[PDB]
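Here you get one chain, nothing else, as structure tokens; it is the form deposited in one PDB entry.
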């Protein structure tokens, strides 16, 4: 949870939405196609005209000691290539990549990716599941894309939180706040539906779903004792 700069390698629709979500932070977009420059600037970010597979260009984009580097190239091959180059410059910087083919997630990880996201798998699955209803899709589309009614959130548990050492069962988060708790994160591991007898700890990241008002309630509920 730092506040350095972010580097985005490659341009695509993903990168565009992603850049929107970062509207209000210093971002550097490294890309070959010069056309894109306009769009990147007209969005607050800094454009760095270059090649993400070229280590010298990655350097010019300030990949070293960056808060995180996001990669989404025109090819899983190029993404793997870019990543390799990144690790050469900084072997600790957090790397998030987009995989187009499922079979490449592993290789992407082996290259140095800290988090891999596979949109087509997600898409193809939602589609095959919408041949009769659209409920699952509607849900995903509403919470993960248009973030309409609800939204998915990560809420860190401060040191001295009111839920410090409180079991899931006793916290009664959903009924008190309206937020559906879907998981707890500790040491970059994730317990999907944590057991009622699970106690919280400072540092833990509660993963829930809820409307902005319910998320705000949860945040007050998580607060540290005054």
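C-alpha atoms forming the largest set that superposes within 1.5 Å between two forms make up the rigid core. Residue numbers count along the first chain shown, from 1.
Same protein, other form: the form deposited in another entry, not shown, and the subject of what follows.
Once you line up the core between this form and the one not shown, the CA of 40 is the only one from 157, 184, 173, 40 that shifts by 2 Å or more. The two forms, fitted on the rigid core, differ between this form and the one not shown by less than 2 Å at the CA of residue 12.
Relative to this form, in that other deposited form the C-alpha atoms of residue 153 and residue 25 separate from one another by 3 angstroms or more.
Distance between the C-alpha atoms of residue 24 and residue 73: shorter by at least 3 Å in that other deposited form than in the displayed form.
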